[PDB]
Amino acid sequence: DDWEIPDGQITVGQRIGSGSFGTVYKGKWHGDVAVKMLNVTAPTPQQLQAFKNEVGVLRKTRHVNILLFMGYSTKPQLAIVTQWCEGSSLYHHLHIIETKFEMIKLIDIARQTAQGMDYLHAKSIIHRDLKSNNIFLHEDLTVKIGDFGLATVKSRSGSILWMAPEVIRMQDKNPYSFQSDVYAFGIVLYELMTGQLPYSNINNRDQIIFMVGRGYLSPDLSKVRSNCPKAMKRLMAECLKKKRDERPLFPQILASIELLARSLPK
Amino acid sequence: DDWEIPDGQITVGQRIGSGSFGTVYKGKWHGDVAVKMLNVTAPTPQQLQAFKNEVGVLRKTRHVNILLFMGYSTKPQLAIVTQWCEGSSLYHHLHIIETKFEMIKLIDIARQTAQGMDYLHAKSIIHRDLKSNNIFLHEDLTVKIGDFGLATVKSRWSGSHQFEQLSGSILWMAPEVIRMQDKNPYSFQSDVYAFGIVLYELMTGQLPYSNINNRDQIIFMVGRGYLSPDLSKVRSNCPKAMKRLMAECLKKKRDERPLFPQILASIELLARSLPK
Ligand SMILES: CCCS(=O)(=O)Nc1ccc(F)c(NC(=O)c2csc3c(N)ncnc23)c1F
Ligand SMILES: CCCS(=O)(=O)Nc1ccc(F)c(NC(=O)c2csc3c(N)ncnc23)c1F
């Protein structure tokens with residue numbers, strides 16, 4: 001049972017992650033691992049207690065498209081250990097190196113991503129930050145969705161682009177529904193289908209923020225490339241719906257992504 | 001938490017597992033899965049209870065080189081559900097479709113297999129049936145070790161699954177195991193021995209004792225120590241450290257066999273001694 005990983009066992013190496021929420025280092029623990037060290041130095045329950053509970057959510061995940069939670073540290077620091085992934089994140093492929101994907105592959109990344117989310121949701125987990133930076137291309141073929149945990153350890157800016165309007169207008173207590181995630185997905189669809197971040201012709205974040213939340217600005221669905229199937233535009237539009245209850249849930253989304261997939265190379 | 005998958009959620013499809021201890025099917029449940037259905041025709045509380053225990057073992061595993069356990073069913077029949085791997089088993093590649101692997105790749109397959117084994121052991125689980133059919137090459141480049149699951153349940157239900165799967169792996173059995181000298185011959189080391197055999201498979205592209213068609217004799221001879229894998233068949237470009245590690249691994253005397261942490265060190269060492 002308990003995934004406590006006693007000190008001395010994990011070797012820490014090369015560094016990668018910034019901000020708060022933690023620092024991420026590439027590690028070694030029965031092979032190459034990833035270690036996200038929260039660096040929130042010396043808790044102190046019930047801060048300690050909260051982390052143990054946050055871990056509880058992670059252990060509920062077992063899926064090819066969800067990042068493999070392997071264990072957590074308490075001693076050296078508070079930390080979570082996951083599988084390490086070769087290749088780069090989708091945000092990197094698309095908007096940093098500009099890897100041009102074949103239309104067939106693009107549809108597939110989407111396919112897997114929806115696959116993973118459907119799972120997350122079926123297991124009552126709201127990601128609350130689905131974006132192409134948290135979608136990893138492992139060996140550049142398999143999709144691993146990460147950073148969906150530790151909402152709560154953050155309860156006790158700059159992924160605005162994926163925020164649904166209800167989320168964006170920091171309005172009520174909990175904007176986060178499955179459909180909040182669906183909308184974010186929509187944005188990532190638009191990402192794949194146009195190899196671009198939305199609203200790139202507006203240089204004023206607050207303006208984006210204001211408009212998105214009011215439904216005056218929305219992503220420009222006509223920047224999809226020609227070899228992109230008509231039905232993809234139809235689904236993007238469905239996930240991107242400003243009223244949340246107009247958005248499909250994932251199983252239904254999944255269905256559309258499959259149906260339209262095996263009408264493409266034929 | 002608890003992993004029981006409620007009825008009729010899973011979609012069974014292609015039959016793949018022959019086997020008299022139930023069938024492996026390619027399934028669908030949140031994407032492609034593998035479903036192994038025990039089809040010992042309806043328990044019997046509490047075989048059921050012990051079954052659930054066996055999952056306790058499976059849940060303990062969370063490693064890239066261990067076939068991802070995804071959940072279990074009891075509802076229609078008893079079942080274990082895992083990720084579906086694309087690609088084929090190491091058995092299939094070596095012996096059925098005769099894939100010639102790059103020397104670098106082969107050593108890598110060894111490493112991973114060793115890697116996963118190390119972990120498997122570092123969680124006090126003995127495989128008891130390591131062979132190249134239980135080493136799966138997902139996407140042709142990641143080893144997922146499977147079929148180490150329902151140890152006790154298998155060890156203790158009426159049927160010829162108790163027989164077949166012993167016969168099914170005489171080649172990988174350590175001597176200690178071959179001569180049923182007592183109740184428990186199975187060890188970290190017997191696993192190391194079987195691993196030593198897959199090492200042979202990888203380097204020789206062959207099963208051992210390929211020129212001894214009488215299988216009853218194999219059992220006698222190996223148990224007595226008159227027979228062991230012919231290590232002069234290692235393809236001429238195999239690093240000579242790997243040929244030594246092989247020997248080290250296959251030691252007839254169990255306690256001369258190194259354990260995985262150390263094996264892993266050797267494999268990683270001889271890796272660095274090849275491309276550069
Ligand atoms: C099961 C996921 C738990 S979580 O907290 O929701 N996500 C989560 C937890 C710990 C991590 F190190 C990471 N990983 C990363 O941030 C990360 C950055 S690069 C990278 C990589 N090449 N392989 C694995 N993980 C990462 C997570 F994505
Ligand atoms: C760690 C998993 C539990 S276990 O009992 O050790 N192994 C185990 C349990 C249920 C399965 F369907 C399988 N899978 C198979 O037998 C199997 C045959 S082909 C195949 C494949 N392409 N991908 C996954 N699994 C399999 C297992 F290997």
# chains A, B, ... in the order shown; residues from 1 in each chain; ligands from 1

$ interface_residues --of "chain B" --to "chain A" --cutoff "12 Å" --atoms "only C-alpha atoms" --output "PyMOL selection string"
chain B and resi 1-5+9+28-33+55-72+81-86+111-124+138-142+260-261+264-265+268

$ residues_around --residues "residue A:244" --least-positions-apart "2" --cutoff "8 Å" --atoms "only C-alpha atoms" --output "MDAnalysis selection string"
chainID A and resid 166 179:180 241:242 246:247

$ closest_atom_pairs --of "chain A" --to "ligand 1" --cutoff "8 Å" --atoms "only C-alpha atoms and all ligand atoms" --output "CSV"
residue,atom,partner,partner_atom_place_in_ligand_line,distance
A:16,CA,ligand 1,18 (C),6.9
A:17,CA,ligand 1,18 (C),6.5
A:24,CA,ligand 1,12 (F),5.4
A:25,CA,ligand 1,12 (F),7.1
A:26,CA,ligand 1,21 (C),7.4
A:33,CA,ligand 1,24 (C),7.1
A:34,CA,ligand 1,12 (F),4.4
A:35,CA,ligand 1,12 (F),4.3
A:36,CA,ligand 1,12 (F),4.0
A:37,CA,ligand 1,12 (F),7.8
A:58,CA,ligand 1,1 (C),5.5
A:59,CA,ligand 1,1 (C),7.8
A:61,CA,ligand 1,1 (C),7.2
A:66,CA,ligand 1,1 (C),6.7
A:67,CA,ligand 1,1 (C),4.8
A:68,CA,ligand 1,1 (C),5.2
A:69,CA,ligand 1,1 (C),4.0
A:70,CA,ligand 1,1 (C),7.7
A:79,CA,ligand 1,10 (C),7.8
A:80,CA,ligand 1,10 (C),5.1
A:81,CA,ligand 1,10 (C),5.6
A:82,CA,ligand 1,12 (F),5.5
A:83,CA,ligand 1,24 (C),5.7
A:84,CA,ligand 1,23 (N),3.8
A:85,CA,ligand 1,23 (N),3.8
A:86,CA,ligand 1,22 (N),6.0
A:87,CA,ligand 1,22 (N),7.2
A:88,CA,ligand 1,22 (N),6.7
A:89,CA,ligand 1,19 (S),7.4
A:134,CA,ligand 1,28 (F),6.6
A:136,CA,ligand 1,21 (C),7.4
A:145,CA,ligand 1,28 (F),7.2
A:146,CA,ligand 1,28 (F),3.8
A:147,CA,ligand 1,6 (O),3.3
A:148,CA,ligand 1,6 (O),3.7
A:149,CA,ligand 1,6 (O),3.5
A:150,CA,ligand 1,5 (O),6.1

$ atom_distance --atom1 "atom CA of residue B:126" --atom2 "atom CA of residue A:73"
25.7 Å

$ residues_around --residues "stretch 189-196 of chain A" --least-positions-apart "4" --cutoff "6 Å" --atoms "only C-alpha atoms" --output "PyMOL selection string"
chain A and resi 94+223-224

$ write_last_selection --atoms "C-alpha atoms" --output "PDB file, in the first residue's frame"
ATOM      1  CA  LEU A  94       3.448  23.357 -31.674  1.00  0.00           C
ATOM      2  CA  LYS A 223      -7.921  29.768 -39.218  1.00  0.00           C
ATOM      3  CA  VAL A 224      -8.132  25.971 -39.382  1.00  0.00           C
TER       4      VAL A 224
END

$ atom_distance --atom1 "atom CA of residue B:89" --atom2 "atom 20 (C, counted along the ligand's line) of ligand 2"
7.7 Å

$ closest_residue --among "B:183, B:26, B:75, B:105" --to "ligand 2" --atoms "only C-alpha atoms and all ligand atoms"
B:26

$ select_by_dssp --residues "stretch 79-247 of chain A" --states "alpha helix (DSSP H)" --output "PDB file with N, CA and C atoms, in the first residue's frame"
ATOM      1  N   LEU A  90       3.347  19.233 -25.869  1.00  0.00           N
ATOM      2  CA  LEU A  90       2.601  19.635 -27.086  1.00  0.00           C
ATOM      3  C   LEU A  90       2.716  21.133 -27.389  1.00  0.00           C
ATOM      4  N   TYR A  91       2.674  21.927 -26.320  1.00  0.00           N
ATOM      5  CA  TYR A  91       2.914  23.354 -26.400  1.00  0.00           C
ATOM      6  C   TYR A  91       4.292  23.592 -26.997  1.00  0.00           C
ATOM      7  N   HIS A  92       5.287  22.833 -26.551  1.00  0.00           N
ATOM      8  CA  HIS A  92       6.606  22.911 -27.163  1.00  0.00           C
ATOM      9  C   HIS A  92       6.595  22.517 -28.657  1.00  0.00           C
ATOM     10  N   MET A 103      -1.849  15.736 -40.618  1.00  0.00           N
ATOM     11  CA  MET A 103      -3.233  15.912 -40.165  1.00  0.00           C
ATOM     12  C   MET A 103      -3.757  14.691 -39.400  1.00  0.00           C
ATOM     13  N   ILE A 104      -3.305  13.502 -39.801  1.00  0.00           N
ATOM     14  CA  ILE A 104      -3.722  12.230 -39.200  1.00  0.00           C
ATOM     15  C   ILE A 104      -3.266  12.107 -37.742  1.00  0.00           C
ATOM     16  N   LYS A 105      -2.017  12.498 -37.510  1.00  0.00           N
ATOM     17  CA  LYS A 105      -1.409  12.512 -36.191  1.00  0.00           C
ATOM     18  C   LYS A 105      -2.118  13.520 -35.300  1.00  0.00           C
ATOM     19  N   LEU A 106      -2.291  14.749 -35.796  1.00  0.00           N
ATOM     20  CA  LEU A 106      -3.006  15.821 -35.083  1.00  0.00           C
ATOM     21  C   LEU A 106      -4.349  15.348 -34.531  1.00  0.00           C
ATOM     22  N   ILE A 107      -5.161  14.746 -35.391  1.00  0.00           N
ATOM     23  CA  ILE A 107      -6.431  14.160 -34.978  1.00  0.00           C
ATOM     24  C   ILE A 107      -6.208  13.118 -33.880  1.00  0.00           C
ATOM     25  N   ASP A 108      -5.054  12.470 -33.901  1.00  0.00           N
ATOM     26  CA  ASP A 108      -4.823  11.427 -32.923  1.00  0.00           C
ATOM     27  C   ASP A 108      -4.428  11.954 -31.553  1.00  0.00           C
ATOM     28  N   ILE A 109      -3.545  12.949 -31.520  1.00  0.00           N
ATOM     29  CA  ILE A 109      -3.218  13.599 -30.262  1.00  0.00           C
ATOM     30  C   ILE A 109      -4.528  13.994 -29.587  1.00  0.00           C
ATOM     31  N   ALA A 110      -5.392  14.648 -30.358  1.00  0.00           N
ATOM     32  CA  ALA A 110      -6.710  15.045 -29.897  1.00  0.00           C
ATOM     33  C   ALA A 110      -7.477  13.856 -29.376  1.00  0.00           C
ATOM     34  N   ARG A 111      -7.411  12.766 -30.124  1.00  0.00           N
ATOM     35  CA  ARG A 111      -8.143  11.555 -29.771  1.00  0.00           C
ATOM     36  C   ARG A 111      -7.728  11.055 -28.392  1.00  0.00           C
ATOM     37  N   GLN A 112      -6.414  10.994 -28.170  1.00  0.00           N
ATOM     38  CA  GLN A 112      -5.868  10.481 -26.921  1.00  0.00           C
ATOM     39  C   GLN A 112      -6.190  11.397 -25.763  1.00  0.00           C
ATOM     40  N   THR A 113      -6.087  12.693 -26.026  1.00  0.00           N
ATOM     41  CA  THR A 113      -6.307  13.696 -25.007  1.00  0.00           C
ATOM     42  C   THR A 113      -7.729  13.610 -24.484  1.00  0.00           C
ATOM     43  N   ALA A 114      -8.673  13.516 -25.411  1.00  0.00           N
ATOM     44  CA  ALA A 114     -10.066  13.372 -25.034  1.00  0.00           C
ATOM     45  C   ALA A 114     -10.232  12.057 -24.276  1.00  0.00           C
ATOM     46  N   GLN A 115      -9.583  11.011 -24.785  1.00  0.00           N
ATOM     47  CA  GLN A 115      -9.572   9.718 -24.129  1.00  0.00           C
ATOM     48  C   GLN A 115      -9.209   9.838 -22.649  1.00  0.00           C
ATOM     49  N   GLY A 116      -8.137  10.577 -22.371  1.00  0.00           N
ATOM     50  CA  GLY A 116      -7.630  10.710 -21.011  1.00  0.00           C
ATOM     51  C   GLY A 116      -8.571  11.494 -20.121  1.00  0.00           C
ATOM     52  N   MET A 117      -9.146  12.542 -20.701  1.00  0.00           N
ATOM     53  CA  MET A 117     -10.046  13.418 -19.971  1.00  0.00           C
ATOM     54  C   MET A 117     -11.328  12.676 -19.632  1.00  0.00           C
ATOM     55  N   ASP A 118     -11.867  11.959 -20.620  1.00  0.00           N
ATOM     56  CA  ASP A 118     -13.043  11.143 -20.387  1.00  0.00           C
ATOM     57  C   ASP A 118     -12.806  10.266 -19.164  1.00  0.00           C
ATOM     58  N   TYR A 119     -11.634   9.625 -19.111  1.00  0.00           N
ATOM     59  CA  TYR A 119     -11.218   8.848 -17.940  1.00  0.00           C
ATOM     60  C   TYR A 119     -11.206   9.708 -16.655  1.00  0.00           C
ATOM     61  N   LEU A 120     -10.422  10.791 -16.657  1.00  0.00           N
ATOM     62  CA  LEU A 120     -10.383  11.699 -15.509  1.00  0.00           C
ATOM     63  C   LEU A 120     -11.783  12.037 -14.982  1.00  0.00           C
ATOM     64  N   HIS A 121     -12.649  12.469 -15.892  1.00  0.00           N
ATOM     65  CA  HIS A 121     -14.008  12.842 -15.556  1.00  0.00           C
ATOM     66  C   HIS A 121     -14.817  11.649 -15.010  1.00  0.00           C
ATOM     67  N   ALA A 122     -14.713  10.504 -15.687  1.00  0.00           N
ATOM     68  CA  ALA A 122     -15.365   9.280 -15.220  1.00  0.00           C
ATOM     69  C   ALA A 122     -14.900   8.932 -13.821  1.00  0.00           C
ATOM     70  N   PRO A 165     -15.319  31.165 -20.389  1.00  0.00           N
ATOM     71  CA  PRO A 165     -15.747  32.445 -19.840  1.00  0.00           C
ATOM     72  C   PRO A 165     -16.140  32.373 -18.347  1.00  0.00           C
ATOM     73  N   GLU A 166     -16.964  31.407 -17.924  1.00  0.00           N
ATOM     74  CA  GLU A 166     -17.391  31.368 -16.513  1.00  0.00           C
ATOM     75  C   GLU A 166     -16.182  31.364 -15.611  1.00  0.00           C
ATOM     76  N   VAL A 167     -15.139  30.672 -16.048  1.00  0.00           N
ATOM     77  CA  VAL A 167     -13.883  30.631 -15.326  1.00  0.00           C
ATOM     78  C   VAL A 167     -13.222  31.998 -15.427  1.00  0.00           C
ATOM     79  N   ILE A 168     -13.120  32.522 -16.647  1.00  0.00           N
ATOM     80  CA  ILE A 168     -12.362  33.744 -16.914  1.00  0.00           C
ATOM     81  C   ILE A 168     -12.832  34.937 -16.077  1.00  0.00           C
ATOM     82  N   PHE A 178     -16.890  19.870 -15.388  1.00  0.00           N
ATOM     83  CA  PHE A 178     -16.394  19.094 -16.504  1.00  0.00           C
ATOM     84  C   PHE A 178     -16.354  19.973 -17.744  1.00  0.00           C
ATOM     85  N   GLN A 179     -17.442  20.699 -17.982  1.00  0.00           N
ATOM     86  CA  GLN A 179     -17.523  21.587 -19.137  1.00  0.00           C
ATOM     87  C   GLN A 179     -16.496  22.723 -19.156  1.00  0.00           C
ATOM     88  N   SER A 180     -15.980  23.122 -17.998  1.00  0.00           N
ATOM     89  CA  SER A 180     -14.893  24.096 -17.989  1.00  0.00           C
ATOM     90  C   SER A 180     -13.684  23.461 -18.688  1.00  0.00           C
ATOM     91  N   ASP A 181     -13.480  22.175 -18.393  1.00  0.00           N
ATOM     92  CA  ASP A 181     -12.397  21.383 -18.957  1.00  0.00           C
ATOM     93  C   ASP A 181     -12.607  21.153 -20.445  1.00  0.00           C
ATOM     94  N   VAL A 182     -13.845  20.806 -20.802  1.00  0.00           N
ATOM     95  CA  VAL A 182     -14.245  20.649 -22.195  1.00  0.00           C
ATOM     96  C   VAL A 182     -13.852  21.873 -22.997  1.00  0.00           C
ATOM     97  N   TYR A 183     -14.210  23.058 -22.504  1.00  0.00           N
ATOM     98  CA  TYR A 183     -13.866  24.284 -23.207  1.00  0.00           C
ATOM     99  C   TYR A 183     -12.362  24.368 -23.421  1.00  0.00           C
ATOM    100  N   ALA A 184     -11.584  24.085 -22.376  1.00  0.00           N
ATOM    101  CA  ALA A 184     -10.117  24.115 -22.484  1.00  0.00           C
ATOM    102  C   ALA A 184      -9.666  23.177 -23.592  1.00  0.00           C
ATOM    103  N   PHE A 185     -10.241  21.975 -23.602  1.00  0.00           N
ATOM    104  CA  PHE A 185      -9.993  21.028 -24.670  1.00  0.00           C
ATOM    105  C   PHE A 185     -10.196  21.700 -26.031  1.00  0.00           C
ATOM    106  N   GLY A 186     -11.384  22.278 -26.224  1.00  0.00           N
ATOM    107  CA  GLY A 186     -11.719  23.066 -27.416  1.00  0.00           C
ATOM    108  C   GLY A 186     -10.588  23.964 -27.852  1.00  0.00           C
ATOM    109  N   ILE A 187     -10.058  24.740 -26.915  1.00  0.00           N
ATOM    110  CA  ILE A 187      -8.920  25.605 -27.198  1.00  0.00           C
ATOM    111  C   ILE A 187      -7.730  24.778 -27.696  1.00  0.00           C
ATOM    112  N   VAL A 188      -7.467  23.627 -27.069  1.00  0.00           N
ATOM    113  CA  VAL A 188      -6.343  22.817 -27.561  1.00  0.00           C
ATOM    114  C   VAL A 188      -6.630  22.239 -28.967  1.00  0.00           C
ATOM    115  N   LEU A 189      -7.907  21.995 -29.283  1.00  0.00           N
ATOM    116  CA  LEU A 189      -8.262  21.535 -30.616  1.00  0.00           C
ATOM    117  C   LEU A 189      -7.886  22.612 -31.600  1.00  0.00           C
ATOM    118  N   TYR A 190      -8.383  23.810 -31.336  1.00  0.00           N
ATOM    119  CA  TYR A 190      -8.004  24.979 -32.109  1.00  0.00           C
ATOM    120  C   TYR A 190      -6.477  25.095 -32.211  1.00  0.00           C
ATOM    121  N   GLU A 191      -5.761  24.716 -31.146  1.00  0.00           N
ATOM    122  CA  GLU A 191      -4.289  24.769 -31.144  1.00  0.00           C
ATOM    123  C   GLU A 191      -3.714  23.862 -32.212  1.00  0.00           C
ATOM    124  N   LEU A 192      -4.216  22.632 -32.252  1.00  0.00           N
ATOM    125  CA  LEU A 192      -3.710  21.633 -33.165  1.00  0.00           C
ATOM    126  C   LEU A 192      -4.077  22.047 -34.574  1.00  0.00           C
ATOM    127  N   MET A 193      -5.341  22.422 -34.743  1.00  0.00           N
ATOM    128  CA  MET A 193      -5.898  22.618 -36.073  1.00  0.00           C
ATOM    129  C   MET A 193      -5.419  23.906 -36.739  1.00  0.00           C
ATOM    130  N   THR A 194      -4.687  24.726 -35.999  1.00  0.00           N
ATOM    131  CA  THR A 194      -4.193  25.970 -36.534  1.00  0.00           C
ATOM    132  C   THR A 194      -2.754  26.187 -36.136  1.00  0.00           C
ATOM    133  N   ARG A 205      -3.798  41.660 -22.552  1.00  0.00           N
ATOM    134  CA  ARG A 205      -4.356  40.573 -21.748  1.00  0.00           C
ATOM    135  C   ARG A 205      -5.680  40.918 -21.070  1.00  0.00           C
ATOM    136  N   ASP A 206      -5.722  42.045 -20.369  1.00  0.00           N
ATOM    137  CA  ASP A 206      -6.942  42.436 -19.681  1.00  0.00           C
ATOM    138  C   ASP A 206      -8.100  42.555 -20.654  1.00  0.00           C
ATOM    139  N   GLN A 207      -7.820  43.088 -21.839  1.00  0.00           N
ATOM    140  CA  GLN A 207      -8.841  43.176 -22.876  1.00  0.00           C
ATOM    141  C   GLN A 207      -9.325  41.794 -23.299  1.00  0.00           C
ATOM    142  N   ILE A 208      -8.387  40.873 -23.502  1.00  0.00           N
ATOM    143  CA  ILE A 208      -8.754  39.508 -23.809  1.00  0.00           C
ATOM    144  C   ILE A 208      -9.636  39.016 -22.692  1.00  0.00           C
ATOM    145  N   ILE A 209      -9.110  39.063 -21.466  1.00  0.00           N
ATOM    146  CA  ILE A 209      -9.859  38.681 -20.257  1.00  0.00           C
ATOM    147  C   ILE A 209     -11.276  39.252 -20.210  1.00  0.00           C
ATOM    148  N   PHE A 210     -11.399  40.558 -20.469  1.00  0.00           N
ATOM    149  CA  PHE A 210     -12.695  41.239 -20.401  1.00  0.00           C
ATOM    150  C   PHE A 210     -13.654  40.675 -21.417  1.00  0.00           C
ATOM    151  N   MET A 211     -13.153  40.493 -22.624  1.00  0.00           N
ATOM    152  CA  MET A 211     -14.018  40.170 -23.721  1.00  0.00           C
ATOM    153  C   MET A 211     -14.459  38.723 -23.672  1.00  0.00           C
ATOM    154  N   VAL A 212     -13.500  37.833 -23.405  1.00  0.00           N
ATOM    155  CA  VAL A 212     -13.753  36.394 -23.359  1.00  0.00           C
ATOM    156  C   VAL A 212     -14.868  36.122 -22.357  1.00  0.00           C
ATOM    157  N   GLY A 213     -14.732  36.692 -21.159  1.00  0.00           N
ATOM    158  CA  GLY A 213     -15.719  36.550 -20.105  1.00  0.00           C
ATOM    159  C   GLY A 213     -17.069  37.131 -20.452  1.00  0.00           C
ATOM    160  N   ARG A 214     -17.097  38.076 -21.381  1.00  0.00           N
ATOM    161  CA  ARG A 214     -18.361  38.673 -21.806  1.00  0.00           C
ATOM    162  C   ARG A 214     -18.924  38.047 -23.095  1.00  0.00           C
ATOM    163  N   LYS A 230     -14.317  19.134 -42.138  1.00  0.00           N
ATOM    164  CA  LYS A 230     -15.443  20.010 -41.779  1.00  0.00           C
ATOM    165  C   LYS A 230     -15.986  19.728 -40.363  1.00  0.00           C
ATOM    166  N   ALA A 231     -16.143  18.446 -40.026  1.00  0.00           N
ATOM    167  CA  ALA A 231     -16.713  18.021 -38.743  1.00  0.00           C
ATOM    168  C   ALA A 231     -15.880  18.404 -37.510  1.00  0.00           C
ATOM    169  N   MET A 232     -14.627  18.807 -37.736  1.00  0.00           N
ATOM    170  CA  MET A 232     -13.690  19.230 -36.676  1.00  0.00           C
ATOM    171  C   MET A 232     -14.002  20.654 -36.218  1.00  0.00           C
ATOM    172  N   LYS A 233     -14.282  21.485 -37.207  1.00  0.00           N
ATOM    173  CA  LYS A 233     -14.763  22.815 -36.994  1.00  0.00           C
ATOM    174  C   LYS A 233     -16.070  22.749 -36.187  1.00  0.00           C
ATOM    175  N   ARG A 234     -16.924  21.779 -36.518  1.00  0.00           N
ATOM    176  CA  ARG A 234     -18.231  21.636 -35.880  1.00  0.00           C
ATOM    177  C   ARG A 234     -18.086  21.304 -34.403  1.00  0.00           C
ATOM    178  N   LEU A 235     -17.051  20.536 -34.072  1.00  0.00           N
ATOM    179  CA  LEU A 235     -16.844  20.083 -32.706  1.00  0.00           C
ATOM    180  C   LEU A 235     -16.151  21.141 -31.885  1.00  0.00           C
ATOM    181  N   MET A 236     -15.163  21.791 -32.483  1.00  0.00           N
ATOM    182  CA  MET A 236     -14.501  22.889 -31.818  1.00  0.00           C
ATOM    183  C   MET A 236     -15.575  23.850 -31.332  1.00  0.00           C
ATOM    184  N   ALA A 237     -16.392  24.302 -32.280  1.00  0.00           N
ATOM    185  CA  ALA A 237     -17.495  25.206 -32.013  1.00  0.00           C
ATOM    186  C   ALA A 237     -18.392  24.729 -30.863  1.00  0.00           C
ATOM    187  N   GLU A 238     -18.540  23.411 -30.750  1.00  0.00           N
ATOM    188  CA  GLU A 238     -19.372  22.792 -29.727  1.00  0.00           C
ATOM    189  C   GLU A 238     -18.735  22.863 -28.339  1.00  0.00           C
ATOM    190  N   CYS A 239     -17.418  22.706 -28.293  1.00  0.00           N
ATOM    191  CA  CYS A 239     -16.706  22.708 -27.026  1.00  0.00           C
ATOM    192  C   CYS A 239     -16.498  24.132 -26.584  1.00  0.00           C
TER     193      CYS A 239
END

$ closest_residue --among "B:106, B:12, B:150, B:242" --to "ligand 2" --atoms "only C-alpha atoms and all ligand atoms"
B:150

$ atom_distance --atom1 "atom CA of residue B:250" --atom2 "atom CA of residue B:110"
14.8 Å

$ decode --residues "stretch 30-57 of chain A" --atoms "C-alpha atoms" --output "mmCIF file, in the first residue's frame"
data_model
loop_
_atom_site.group_PDB
_atom_site.id
_atom_site.type_symbol
_atom_site.label_atom_id
_atom_site.label_comp_id
_atom_site.auth_asym_id
_atom_site.auth_seq_id
_atom_site.Cartn_x
_atom_site.Cartn_y
_atom_site.Cartn_z
ATOM 1 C CA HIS A 30 14.044 2.502 -10.492
ATOM 2 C CA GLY A 31 15.008 4.406 -13.621
ATOM 3 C CA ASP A 32 14.518 7.980 -14.805
ATOM 4 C CA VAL A 33 11.664 9.750 -12.976
ATOM 5 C CA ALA A 34 10.148 13.205 -12.736
ATOM 6 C CA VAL A 35 10.004 14.808 -9.287
ATOM 7 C CA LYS A 36 7.878 17.849 -8.528
ATOM 8 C CA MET A 37 9.150 19.332 -5.301
ATOM 9 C CA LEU A 38 6.612 21.733 -3.781
ATOM 10 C CA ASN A 39 9.532 23.461 -1.951
ATOM 11 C CA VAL A 40 6.944 24.864 0.519
ATOM 12 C CA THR A 41 9.504 24.337 3.297
ATOM 13 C CA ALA A 42 8.712 22.526 6.579
ATOM 14 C CA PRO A 43 5.018 21.785 7.104
ATOM 15 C CA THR A 44 3.424 21.222 9.744
ATOM 16 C CA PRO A 45 0.056 19.446 9.638
ATOM 17 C CA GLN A 46 -2.655 19.917 8.764
ATOM 18 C CA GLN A 47 -0.716 21.141 5.733
ATOM 19 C CA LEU A 48 0.982 17.723 5.769
ATOM 20 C CA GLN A 49 -2.427 16.043 6.155
ATOM 21 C CA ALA A 50 -3.778 17.943 3.105
ATOM 22 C CA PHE A 51 -0.972 16.719 0.816
ATOM 23 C CA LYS A 52 -1.652 13.110 1.831
ATOM 24 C CA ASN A 53 -5.284 13.689 0.822
ATOM 25 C CA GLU A 54 -4.299 15.355 -2.447
ATOM 26 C CA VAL A 55 -2.190 12.303 -3.245
ATOM 27 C CA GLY A 56 -5.348 10.239 -2.633
ATOM 28 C CA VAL A 57 -6.862 11.662 -5.808
#
